[PDB]
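Asker: Please find work-v8.tsv (TSV, N, CA and C atoms) on the next line:
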```
chain	number	residue	atom	x	y	z
Z	1	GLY	N	67.30	-26.13	-37.72
Z	1	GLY	CA	65.91	-26.37	-37.42
Z	1	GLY	C	65.27	-25.34	-36.51
Z	2	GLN	N	66.00	-24.31	-36.12
Z	2	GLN	CA	65.38	-23.20	-35.40
Z	2	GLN	C	64.49	-22.43	-36.37
Z	3	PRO	N	63.21	-22.26	-36.07
Z	3	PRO	CA	62.33	-21.54	-37.00
Z	3	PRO	C	62.67	-20.07	-37.04
Z	4	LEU	N	62.54	-19.48	-38.23
Z	4	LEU	CA	62.76	-18.04	-38.35
Z	4	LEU	C	61.62	-17.26	-37.73
Z	5	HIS	N	60.40	-17.78	-37.80
Z	5	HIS	CA	59.27	-17.10	-37.20
Z	5	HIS	C	59.26	-17.31	-35.69
Z	6	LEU	N	58.81	-16.29	-34.99
Z	6	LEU	CA	58.68	-16.42	-33.55
Z	6	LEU	C	57.27	-16.87	-33.20
Z	7	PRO	N	57.11	-17.72	-32.19
Z	7	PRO	CA	55.79	-18.31	-31.92
Z	7	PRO	C	54.82	-17.29	-31.36
Z	8	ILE	N	53.54	-17.51	-31.64
Z	8	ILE	CA	52.50	-16.61	-31.16
Z	8	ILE	C	52.27	-16.87	-29.68
Z	9	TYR	N	51.83	-15.85	-28.96
Z	9	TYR	CA	51.67	-15.90	-27.52
Z	9	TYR	C	50.19	-15.94	-27.17
Z	10	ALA	N	49.82	-16.86	-26.28
Z	10	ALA	CA	48.42	-17.07	-25.96
Z	10	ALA	C	47.90	-15.96	-25.04
Z	11	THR	N	46.61	-15.69	-25.18
Z	11	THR	CA	45.86	-14.77	-24.35
Z	11	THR	C	45.18	-15.53	-23.22
Z	12	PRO	N	45.41	-15.16	-21.97
Z	12	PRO	CA	44.84	-15.91	-20.85
Z	12	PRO	C	43.33	-15.76	-20.75
Z	13	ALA	N	42.71	-16.76	-20.14
Z	13	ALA	CA	41.25	-16.84	-20.09
Z	13	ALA	C	40.68	-15.79	-19.16
Z	14	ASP	N	39.39	-15.51	-19.32
Z	14	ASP	CA	38.75	-14.52	-18.48
Z	14	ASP	C	38.18	-15.19	-17.23
Z	15	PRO	N	38.44	-14.65	-16.04
Z	15	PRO	CA	37.91	-15.26	-14.82
Z	15	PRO	C	36.44	-14.95	-14.65
Z	16	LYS	N	35.73	-15.86	-13.99
Z	16	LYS	CA	34.31	-15.66	-13.75
Z	16	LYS	C	34.09	-14.80	-12.52
Z	17	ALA	N	33.03	-13.98	-12.57
Z	17	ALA	CA	32.65	-13.11	-11.47
Z	17	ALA	C	31.52	-13.78	-10.71
Z	18	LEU	N	31.85	-14.36	-9.56
Z	18	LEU	CA	30.87	-15.05	-8.73
Z	18	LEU	C	29.87	-14.06	-8.16
Z	19	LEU	N	28.60	-14.33	-8.39
Z	19	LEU	CA	27.54	-13.40	-8.02
Z	19	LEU	C	26.50	-14.14	-7.20
Z	20	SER	N	26.05	-13.51	-6.13
Z	20	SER	CA	25.02	-14.06	-5.27
Z	20	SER	C	23.71	-13.33	-5.51
Z	21	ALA	N	22.61	-14.04	-5.31
Z	21	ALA	CA	21.28	-13.47	-5.41
Z	21	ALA	C	20.64	-13.49	-4.03
Z	22	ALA	N	20.12	-12.35	-3.61
Z	22	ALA	CA	19.47	-12.20	-2.31
Z	22	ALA	C	18.01	-11.84	-2.55
Z	23	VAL	N	17.11	-12.76	-2.21
Z	23	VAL	CA	15.68	-12.55	-2.39
Z	23	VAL	C	15.00	-12.63	-1.04
Z	24	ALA	N	13.78	-12.11	-0.97
Z	24	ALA	CA	13.00	-12.14	0.25
Z	24	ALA	C	11.67	-12.83	0.00
Z	25	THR	N	11.07	-13.34	1.08
Z	25	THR	CA	9.82	-14.08	1.00
Z	25	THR	C	8.70	-13.31	1.69
Z	26	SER	N	7.47	-13.67	1.36
Z	26	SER	CA	6.29	-13.02	1.91
Z	26	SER	C	5.42	-14.03	2.64
Z	27	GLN	N	5.50	-14.01	3.96
Z	27	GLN	CA	4.62	-14.81	4.81
Z	27	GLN	C	3.36	-14.02	5.10
Z	28	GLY	N	2.23	-14.72	5.12
Z	28	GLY	CA	0.95	-14.06	5.33
Z	28	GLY	C	0.74	-13.72	6.79
Z	29	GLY	N	0.10	-12.58	7.05
Z	29	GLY	CA	-0.11	-12.15	8.42
Z	29	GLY	C	-1.25	-12.91	9.09
Z	30	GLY	N	-1.21	-12.97	10.41
Z	30	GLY	CA	-2.25	-13.63	11.15
Z	30	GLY	C	-3.44	-12.72	11.42
Z	31	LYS	N	-4.62	-13.33	11.42
Z	31	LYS	CA	-5.86	-12.65	11.72
Z	31	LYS	C	-6.11	-12.69	13.22
Z	32	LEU	N	-7.27	-12.20	13.63
Z	32	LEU	CA	-7.53	-12.09	15.06
Z	32	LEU	C	-8.32	-13.30	15.56
Z	33	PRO	N	-8.13	-13.69	16.82
Z	33	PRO	CA	-9.02	-14.66	17.45
Z	33	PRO	C	-10.37	-14.05	17.79
Z	34	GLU	N	-11.22	-14.87	18.40
Z	34	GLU	CA	-12.60	-14.48	18.62
Z	34	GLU	C	-12.73	-13.63	19.88
Z	35	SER	N	-13.62	-12.64	19.82
Z	35	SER	CA	-13.91	-11.82	20.98
Z	35	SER	C	-14.65	-12.62	22.05
Z	36	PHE	N	-13.98	-12.86	23.16
Z	36	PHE	CA	-14.58	-13.50	24.31
Z	36	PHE	C	-14.73	-12.50	25.44
Z	37	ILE	N	-15.96	-12.32	25.90
Z	37	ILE	CA	-16.29	-11.29	26.87
Z	37	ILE	C	-15.95	-11.85	28.25
Z	38	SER	N	-15.65	-10.96	29.20
Z	38	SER	CA	-15.31	-11.38	30.55
Z	38	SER	C	-16.20	-10.69	31.58
Z	39	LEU	N	-15.89	-10.95	32.85
Z	39	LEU	CA	-16.66	-10.36	33.94
Z	39	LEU	C	-16.14	-8.99	34.30
Z	40	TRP	N	-14.87	-8.74	34.04
Z	40	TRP	CA	-14.22	-7.60	34.66
Z	40	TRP	C	-14.57	-6.31	33.95
Z	41	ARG	N	-14.51	-5.21	34.71
Z	41	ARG	CA	-14.61	-3.89	34.11
Z	41	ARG	C	-13.31	-3.52	33.42
Z	42	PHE	N	-13.26	-2.27	32.97
Z	42	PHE	CA	-12.15	-1.87	32.11
Z	42	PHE	C	-10.79	-1.75	32.81
Z	43	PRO	N	-10.62	-1.07	33.96
Z	43	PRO	CA	-9.24	-0.85	34.44
Z	43	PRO	C	-8.51	-2.10	34.91
Z	44	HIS	N	-9.23	-3.06	35.50
Z	44	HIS	CA	-8.58	-4.28	35.96
Z	44	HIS	C	-8.09	-5.11	34.79
Z	45	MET	N	-8.92	-5.25	33.77
Z	45	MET	CA	-8.52	-6.00	32.59
Z	45	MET	C	-7.42	-5.27	31.83
Z	46	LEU	N	-7.45	-3.94	31.87
Z	46	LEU	CA	-6.40	-3.15	31.24
Z	46	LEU	C	-5.05	-3.36	31.91
Z	47	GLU	N	-5.02	-3.28	33.24
Z	47	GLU	CA	-3.78	-3.50	33.98
Z	47	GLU	C	-3.27	-4.93	33.80
Z	48	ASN	N	-4.19	-5.89	33.77
Z	48	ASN	CA	-3.84	-7.29	33.55
Z	48	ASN	C	-3.16	-7.47	32.19
Z	49	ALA	N	-3.76	-6.90	31.15
Z	49	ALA	CA	-3.19	-7.00	29.81
Z	49	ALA	C	-1.86	-6.26	29.73
O	1	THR	N	6.37	-7.64	-7.15
O	1	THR	CA	7.34	-8.50	-6.51
O	1	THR	C	6.95	-8.69	-5.06
O	2	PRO	N	7.33	-9.81	-4.44
O	2	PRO	CA	7.03	-9.99	-3.01
O	2	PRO	C	7.73	-8.99	-2.10
O	3	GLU	N	8.83	-8.39	-2.55
O	3	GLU	CA	9.52	-7.41	-1.73
O	3	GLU	C	8.78	-6.08	-1.71
O	4	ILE	N	8.35	-5.62	-2.89
O	4	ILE	CA	7.54	-4.42	-2.96
O	4	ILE	C	6.18	-4.67	-2.32
O	5	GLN	N	5.68	-5.90	-2.39
O	5	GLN	CA	4.47	-6.25	-1.66
O	5	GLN	C	4.69	-6.20	-0.15
O	6	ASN	N	5.88	-6.58	0.32
O	6	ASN	CA	6.21	-6.44	1.74
O	6	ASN	C	6.27	-4.98	2.15
O	7	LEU	N	6.79	-4.12	1.27
O	7	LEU	CA	6.72	-2.68	1.49
O	7	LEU	C	5.28	-2.22	1.62
O	8	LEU	N	4.41	-2.71	0.73
O	8	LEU	CA	3.00	-2.33	0.77
O	8	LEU	C	2.34	-2.79	2.05
O	9	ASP	N	2.66	-3.99	2.51
O	9	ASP	CA	2.07	-4.52	3.73
O	9	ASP	C	2.55	-3.76	4.95
O	10	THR	N	3.84	-3.41	4.98
O	10	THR	CA	4.39	-2.70	6.12
O	10	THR	C	3.83	-1.29	6.21
O	11	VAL	N	3.71	-0.60	5.07
O	11	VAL	CA	3.14	0.74	5.09
O	11	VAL	C	1.64	0.69	5.36
O	12	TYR	N	0.98	-0.37	4.90
O	12	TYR	CA	-0.45	-0.53	5.14
O	12	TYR	C	-0.75	-0.72	6.61
O	13	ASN	N	-0.02	-1.61	7.28
O	13	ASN	CA	-0.21	-1.77	8.71
O	13	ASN	C	0.31	-0.56	9.48
O	14	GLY	N	1.33	0.10	8.95
O	14	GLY	CA	1.95	1.19	9.66
O	14	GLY	C	1.10	2.44	9.68
O	15	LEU	N	0.68	2.89	8.50
O	15	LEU	CA	-0.14	4.09	8.43
O	15	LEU	C	-1.62	3.79	8.53
O	16	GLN	N	-2.00	2.59	8.94
O	16	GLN	CA	-3.36	2.36	9.39
O	16	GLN	C	-3.59	3.16	10.66
O	17	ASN	N	-4.85	3.55	10.89
O	17	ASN	CA	-5.25	4.57	11.88
O	17	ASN	C	-4.56	5.90	11.58
O	18	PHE	N	-4.94	6.50	10.45
O	18	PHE	CA	-4.48	7.83	10.06
O	18	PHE	C	-5.68	8.73	9.75
O	19	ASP	N	-5.55	10.01	10.10
O	19	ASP	CA	-6.45	11.05	9.62
O	19	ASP	C	-5.61	12.12	8.94
O	20	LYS	N	-6.16	12.70	7.88
O	20	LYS	CA	-5.45	13.71	7.11
O	20	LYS	C	-5.30	15.01	7.89
O	21	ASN	N	-6.34	15.42	8.62
O	21	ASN	CA	-6.29	16.72	9.26
O	21	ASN	C	-5.60	16.67	10.62
O	22	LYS	N	-5.17	15.49	11.06
O	22	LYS	CA	-4.38	15.41	12.28
O	22	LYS	C	-2.94	15.81	12.03
O	23	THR	N	-2.34	15.27	10.97
O	23	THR	CA	-0.93	15.49	10.69
O	23	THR	C	-0.66	15.32	9.21
O	24	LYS	N	0.57	15.65	8.83
O	24	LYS	CA	0.97	15.55	7.43
O	24	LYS	C	1.13	14.09	7.03
O	25	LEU	N	0.64	13.77	5.84
O	25	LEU	CA	0.77	12.42	5.29
O	25	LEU	C	2.23	12.06	5.05
O	26	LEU	N	3.00	13.03	4.54
O	26	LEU	CA	4.39	12.80	4.17
O	26	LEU	C	5.25	12.48	5.38
O	27	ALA	N	5.08	13.23	6.47
O	27	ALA	CA	5.83	12.96	7.69
O	27	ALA	C	5.41	11.64	8.30
O	28	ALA	N	4.17	11.22	8.07
O	28	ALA	CA	3.73	9.93	8.58
O	28	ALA	C	4.33	8.77	7.79
O	29	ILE	N	4.42	8.90	6.47
O	29	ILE	CA	4.95	7.79	5.68
O	29	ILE	C	6.48	7.79	5.65
O	30	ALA	N	7.10	8.92	6.00
O	30	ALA	CA	8.55	9.07	5.93
O	30	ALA	C	9.41	8.03	6.67
O	31	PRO	N	9.04	7.48	7.84
O	31	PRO	CA	9.93	6.46	8.42
O	31	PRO	C	9.95	5.14	7.66
O	32	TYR	N	8.80	4.68	7.18
O	32	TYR	CA	8.76	3.43	6.43
O	32	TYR	C	9.47	3.57	5.09
O	33	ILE	N	9.38	4.75	4.48
O	33	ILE	CA	10.13	5.00	3.26
O	33	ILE	C	11.61	5.09	3.56
O	34	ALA	N	11.98	5.67	4.70
O	34	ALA	CA	13.39	5.80	5.07
O	34	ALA	C	14.01	4.45	5.39
O	35	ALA	N	13.19	3.51	5.86
O	35	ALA	CA	13.71	2.19	6.18
O	35	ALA	C	13.74	1.28	4.96
O	36	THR	N	12.64	1.24	4.20
O	36	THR	CA	12.57	0.36	3.04
O	36	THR	C	13.47	0.82	1.91
O	37	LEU	N	13.70	2.12	1.78
O	37	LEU	CA	14.71	2.61	0.86
O	37	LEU	C	16.05	2.83	1.55
O	38	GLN	N	16.16	2.42	2.82
O	38	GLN	CA	17.41	2.37	3.58
O	38	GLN	C	18.07	3.74	3.67
O	39	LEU	N	17.26	4.75	3.74
O	39	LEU	CA	17.75	6.12	3.81
O	39	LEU	C	18.16	6.45	5.23
O	40	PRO	N	19.26	7.17	5.42
O	40	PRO	CA	19.73	7.44	6.78
O	40	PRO	C	18.87	8.44	7.53
O	41	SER	N	18.47	9.54	6.90
O	41	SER	CA	17.79	10.62	7.59
O	41	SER	C	16.29	10.51	7.37
O	42	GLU	N	15.55	11.43	7.99
O	42	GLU	CA	14.13	11.54	7.72
O	42	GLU	C	13.83	12.74	6.83
O	43	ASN	N	14.69	13.76	6.88
O	43	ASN	CA	14.53	14.90	5.98
O	43	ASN	C	14.87	14.51	4.55
O	44	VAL	N	15.73	13.51	4.37
O	44	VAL	CA	15.98	12.97	3.03
O	44	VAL	C	14.74	12.28	2.49
O	45	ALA	N	14.04	11.52	3.35
O	45	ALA	CA	12.80	10.89	2.93
O	45	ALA	C	11.71	11.92	2.68
O	46	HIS	N	11.76	13.04	3.39
O	46	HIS	CA	10.90	14.18	3.07
O	46	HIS	C	11.25	14.74	1.70
O	47	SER	N	12.55	14.87	1.42
O	47	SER	CA	13.04	15.47	0.19
O	47	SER	C	12.63	14.66	-1.02
O	48	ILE	N	12.84	13.35	-0.96
O	48	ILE	CA	12.56	12.50	-2.12
O	48	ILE	C	11.06	12.40	-2.38
O	49	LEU	N	10.22	12.55	-1.36
O	49	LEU	CA	8.79	12.58	-1.60
O	49	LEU	C	8.36	13.88	-2.24
```
Output the file's structure as structure tokens, nothing else.

Answerer:
Amino acid sequence: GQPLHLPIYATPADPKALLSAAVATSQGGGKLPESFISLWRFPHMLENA
Amino acid sequence: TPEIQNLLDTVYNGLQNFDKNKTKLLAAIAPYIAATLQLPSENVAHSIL
């Protein structure tokens, strides 16, 4: 009962290549607040800022 | 794409306040191109432009 033919040999499966996706988002920029005038002249307000 | 739009926004805010006869346009845009295209040098960003 030993077969004369030799058995066929299986081919192993292909492994999966794990891949990541890196995307970026776009947040909208902020606008300016309102111009509020003050009492001070230029150099004092400049140094303060 | 939002990423290329982020490039547009960064270069837009970056090279805002520019005059042509003050300096070269290419040398002005070269750092943002060197960063967004992840280039190491600035002469390379000059070269590719």

Asker: Give as a VMD selection string every residue of chain Z that touches chain O within 8 Å, counting only N, CA and C atoms.

Answerer: chain Z and resid 23 to 27

Asker: Just checking: using only C-alpha atoms, which residue out of O:7, O:41, O:14, O:47 ends up closest to residue 29 of chain O?

Answerer: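 Looking only at the distances to residue 29 of chain O, the closest residue turns out to be O:14.
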
Asker: How far is it from atom CA of residue 40 of chain O to atom CA of residue 10 of chain O, in Å with one decimal?

Answerer: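 Atom-to-atom, atom CA of residue 40 of chain O to atom CA of residue 10 of chain O, that is 18.4 Å.
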
Asker: Hey, can you check how far atom CA of residue 13 of chain O sits from atom N of residue 33 of chain O?

Answerer: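 Going from atom CA of residue 13 of chain O over to atom N of residue 33 of chain O, I get 12.3 Å.
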
Asker: With only C-alpha atoms as the counted atoms, please give the residues lying no more than 10 Å from residue 32 of chain O, apart from itself and same-chain residues fewer than 2 positions off, as JSON, numbers by chain.

Answerer: {"O": [7, 8, 10, 11, 14, 15, 28, 29, 30, 34, 35, 36, 37, 38, 39, 42, 45]}

Asker: With N, CA and C atoms retained, write the just-selected residues as a PDB file, keeping the file's coordinate frame.

Answerer:
```pdb
ATOM      1  N   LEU O   7       6.790  -4.120   1.270  1.00  0.00           N
ATOM      2  CA  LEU O   7       6.720  -2.680   1.490  1.00  0.00           C
ATOM      3  C   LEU O   7       5.280  -2.220   1.620  1.00  0.00           C
ATOM      4  N   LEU O   8       4.410  -2.710   0.730  1.00  0.00           N
ATOM      5  CA  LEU O   8       3.000  -2.330   0.770  1.00  0.00           C
ATOM      6  C   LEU O   8       2.340  -2.790   2.050  1.00  0.00           C
ATOM      7  N   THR O  10       3.840  -3.410   4.980  1.00  0.00           N
ATOM      8  CA  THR O  10       4.390  -2.700   6.120  1.00  0.00           C
ATOM      9  C   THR O  10       3.830  -1.290   6.210  1.00  0.00           C
ATOM     10  N   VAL O  11       3.710  -0.600   5.070  1.00  0.00           N
ATOM     11  CA  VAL O  11       3.140   0.740   5.090  1.00  0.00           C
ATOM     12  C   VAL O  11       1.640   0.690   5.360  1.00  0.00           C
ATOM     13  N   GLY O  14       1.330   0.100   8.950  1.00  0.00           N
ATOM     14  CA  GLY O  14       1.950   1.190   9.660  1.00  0.00           C
ATOM     15  C   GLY O  14       1.100   2.440   9.680  1.00  0.00           C
ATOM     16  N   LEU O  15       0.680   2.890   8.500  1.00  0.00           N
ATOM     17  CA  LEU O  15      -0.140   4.090   8.430  1.00  0.00           C
ATOM     18  C   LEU O  15      -1.620   3.790   8.530  1.00  0.00           C
ATOM     19  N   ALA O  28       4.170  11.220   8.070  1.00  0.00           N
ATOM     20  CA  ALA O  28       3.730   9.930   8.580  1.00  0.00           C
ATOM     21  C   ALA O  28       4.330   8.770   7.790  1.00  0.00           C
ATOM     22  N   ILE O  29       4.420   8.900   6.470  1.00  0.00           N
ATOM     23  CA  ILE O  29       4.950   7.790   5.680  1.00  0.00           C
ATOM     24  C   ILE O  29       6.480   7.790   5.650  1.00  0.00           C
ATOM     25  N   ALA O  30       7.100   8.920   6.000  1.00  0.00           N
ATOM     26  CA  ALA O  30       8.550   9.070   5.930  1.00  0.00           C
ATOM     27  C   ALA O  30       9.410   8.030   6.670  1.00  0.00           C
ATOM     28  N   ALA O  34      11.980   5.670   4.700  1.00  0.00           N
ATOM     29  CA  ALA O  34      13.390   5.800   5.070  1.00  0.00           C
ATOM     30  C   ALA O  34      14.010   4.450   5.390  1.00  0.00           C
ATOM     31  N   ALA O  35      13.190   3.510   5.860  1.00  0.00           N
ATOM     32  CA  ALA O  35      13.710   2.190   6.180  1.00  0.00           C
ATOM     33  C   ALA O  35      13.740   1.280   4.960  1.00  0.00           C
ATOM     34  N   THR O  36      12.640   1.240   4.200  1.00  0.00           N
ATOM     35  CA  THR O  36      12.570   0.360   3.040  1.00  0.00           C
ATOM     36  C   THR O  36      13.470   0.820   1.910  1.00  0.00           C
ATOM     37  N   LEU O  37      13.700   2.120   1.780  1.00  0.00           N
ATOM     38  CA  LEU O  37      14.710   2.610   0.860  1.00  0.00           C
ATOM     39  C   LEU O  37      16.050   2.830   1.550  1.00  0.00           C
ATOM     40  N   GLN O  38      16.160   2.420   2.820  1.00  0.00           N
ATOM     41  CA  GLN O  38      17.410   2.370   3.580  1.00  0.00           C
ATOM     42  C   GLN O  38      18.070   3.740   3.670  1.00  0.00           C
ATOM     43  N   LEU O  39      17.260   4.750   3.740  1.00  0.00           N
ATOM     44  CA  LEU O  39      17.750   6.120   3.810  1.00  0.00           C
ATOM     45  C   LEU O  39      18.160   6.450   5.230  1.00  0.00           C
ATOM     46  N   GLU O  42      15.550  11.430   7.990  1.00  0.00           N
ATOM     47  CA  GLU O  42      14.130  11.540   7.720  1.00  0.00           C
ATOM     48  C   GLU O  42      13.830  12.740   6.830  1.00  0.00           C
ATOM     49  N   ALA O  45      14.040  11.520   3.350  1.00  0.00           N
ATOM     50  CA  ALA O  45      12.800  10.890   2.930  1.00  0.00           C
ATOM     51  C   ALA O  45      11.710  11.920   2.680  1.00  0.00           C
TER      52      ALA O  45
END
```

Asker: What is the distance, in Å and to one decimal place, between atom N of residue 27 of chain O and atom N of residue 44 of chain O?

Answerer: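 It comes out at 10.9 Å.
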